[PDB]
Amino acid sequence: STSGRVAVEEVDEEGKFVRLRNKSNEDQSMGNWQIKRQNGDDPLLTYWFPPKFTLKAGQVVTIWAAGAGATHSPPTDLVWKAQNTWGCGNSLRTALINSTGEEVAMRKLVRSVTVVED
């Protein structure tokens, strides 16, 4: 179970950031929550939220890779230490995991997909 308050609102196609939105009218504590990023068949990458972070109702947080050149400012702009980019490519799955270890939201960008009806 999840109360489902947070969504993955935007994923940068050039790997610089991921943005999340608390779409509810209630604040959400996210200490030790994770963002799991699967790029193609690569080893899974995991970003960890600081232990005391809270995403207030209706607000956004942008998680910038260490190498994006951004200036950080909790609670709006956080940095992923020692990960230069989130990954760039034709299949990029970004999932939000809560503190207990459960996946509660995802956004996947796919390019050059062939769909059939046969």
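One rule holds for the numbers: they count along the sequence shown, beginning at 1.
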| query | finding |
| --- | --- |
| Between the two ranges 28-36 and 76-84, the one averaging a larger CA B factor in the entry | 76-84 |
| Per the PDB entry, maximal CA B factor within 55, 44, 63, 92 | 44 |
| Entry-reported Cα temperature factor of residue 113, expressed as the chain third it lands in | highest |
| Among modelled residues of the same chain, the CA temperature factor third for residue 10 | lowest |
